[PDB]
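Next up: a single chain in structure tokens, the form deposited without the partner chain.
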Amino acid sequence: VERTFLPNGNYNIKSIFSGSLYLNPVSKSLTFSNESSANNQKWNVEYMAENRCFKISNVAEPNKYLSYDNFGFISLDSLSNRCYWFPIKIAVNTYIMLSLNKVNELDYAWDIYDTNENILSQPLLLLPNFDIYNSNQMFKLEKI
């Protein structure tokens, strides 16, 4: 029963900088790594209707959620209001991911730092959002 623009289910998560790099945890950080065809690159995306937001859990550790910590990193953790995400759909499969809650009284979003479009070994951070044009804040959700 679809309530919104992005159906419930399992997804791969990519940065627009690379069609071949895939979101997964490495230690306590999140990063984009070579295709593993493993469950830790698979993400369960679930709409929460009361909130109009999304929870995103890892298939390998189904009770851990994409959340954020007090040092500016995206994280994998137990359920809390930090696990709620407000996507903005800007193209086919392309989204900006805002924390539901205002942080430091601004919109904050997933942000991956790049070096001439290279993101290898970068952690996914939570940084301020101002508009829909920041290449570093654009991510693909692919169903599979």
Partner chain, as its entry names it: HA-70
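Only residues modelled in both forms are compared. Residue numbers count along the first chain shown, from 1. Rigid core (definition): largest C-alpha set, two forms, superposition within 1.5 Å.
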Requested in this report: Check the entry's C-alpha temperature factors for 15-23 and 119-127, then say which stretch has the higher mean.
Outcome: 15-23
Report task. Look over 59-67 and 100-108 in the entry and identify the one with the greater average Cα temperature factor. Result -> 59-67
Requested in this report: Name the residue from 45, 83, 30, 88 with the greatest C-alpha temperature factor listed in the entry.
Outcome: 45
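The form deposited with the partner chain bound exists for this protein as well; it is not shown, and the discussion that follows is about that form.
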Query raised in the report: Any chance residue 117 has a heavy atom within 4.5 Å of the partner chain in the entry with it bound?
Result: yes
Query raised in the report: Though only this chain appears here, would residue 90 touch the partner chain in the entry with it bound if you measure heavy atom gaps against 4.5 Å?
Result: yes
Query - Any non-hydrogen atom of residue 10 within 4.5 angstroms of the partner chain in the entry with it bound - result: no
Query - Close approach of residue 135 to the partner chain in the entry with it bound, 4.5 Å, heavy atom - result: yes
**Report entry** Candidates 104, 116, 37, 70 - which moves between the shown form and the other one, C-alpha at least 2 Å, core fixed
**Finding:** 104
Query raised in the report: Which stretches of at least three consecutive residues shift by 2 Å or more at every Cα between the shown form and the other one, once the core is superposed?
Result: 2-4, 103-105
